[PDB]
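A single chain comes next, written as C-alpha cells; it is the form deposited in one PDB entry.
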C-alpha cells in the first residue's frame, strides 16, 4: 500500500484522499499532530522530516514503493496518470493546466484568511471578491458535468475541494451559481465518494485547525 503523510487536518491532502478513495487505491495514513495549545509543537513532523528520503521534504507526501513524491499537484497527477484521469487532447491539457494553477491561487486566498490572527478584519473584503472568483469558474464550467467536459479528471478533485470549502465558508455565495452547487452535489454523489464520506475514515480534522482561526477543528 502507499503511504500518504500529512497533518491531522483537511488542508492540502483532502483532494488526494478523495482521489485515492475514488481509485480504490490501497493506502495507509501517517498523520502528524500540531501543538494544541499556543505552542504548536510541530516536532512530530520536524523529527522525521529529513529521514524519509524525500528529495524536497514537505507535507503532504506520497510514498509508493521506490516513488516518493511531494507537492500536492504532483501527487494528484501521479495517481491520475495511473488511472486514466488526465486530459487527452491538446485542448484538454491546456485547460487542466490553467485550472490546476487557477484553483491553487483561489485556495491560497482562502488559506490566507485562515492562518491569520485578525480574521475579523479581512473576511468582509474576501467576501467582496468571492463573487468574481465564483463567476469566472461558473462561466468556465458552463453546461459540462466536469471541468474538462464529459469525463471526470484530476482537476475535478481539486475543484471540489476549493468550491466546497467556500460553500462552508458562506453557502449563499454558491447559491448564486447553481452550476457550481450542482457540481459539488454530483461529485459527492459518486459511488466511491459517498461510501468514503459515510465511513469512519472520512472526518480527519475539518478545516485549518486552531493554528488557523478558520475552522479551528
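By rigid core we mean the largest C-alpha set that fits within 1.5 Å across both forms. Residue numbers count along the first chain shown, from 1.
Not on display, but discussed next: the form deposited in another entry.
K.L.:
Quick one: lay the two forms over each other on the core and tell me which of 189, 171, 53, 38 moves its CA by at least 2 angstroms between the shown form and the other one.
P.N.:
Comparing the C-alpha positions, the one residue that moves 2 Å or more is 38.
K.L.:
Superpose the two forms on their rigid core, then report whether the C-alpha of residue 14 is displaced by 2 angstroms or more between the shown form and the other one.
P.N.:
Shift of 2 Å or more: no.
K.L.:
Where do residue 207 and residue 74 end up in that other deposited form, Cα atoms closer or farther than shown, with a change of 3 Å or more?
P.N.:
More distant in that other deposited form, by 3 Å or more.
K.L.:
In that other deposited form, do the Cα atoms of residue 20 and residue 210 sit closer or farther apart than here, given a shift of 3 Å or more?
P.N.:
Closer is correct, given that in that other deposited form the C-alpha spacing of residue 20 to residue 210 is reduced by at least 3 Å.
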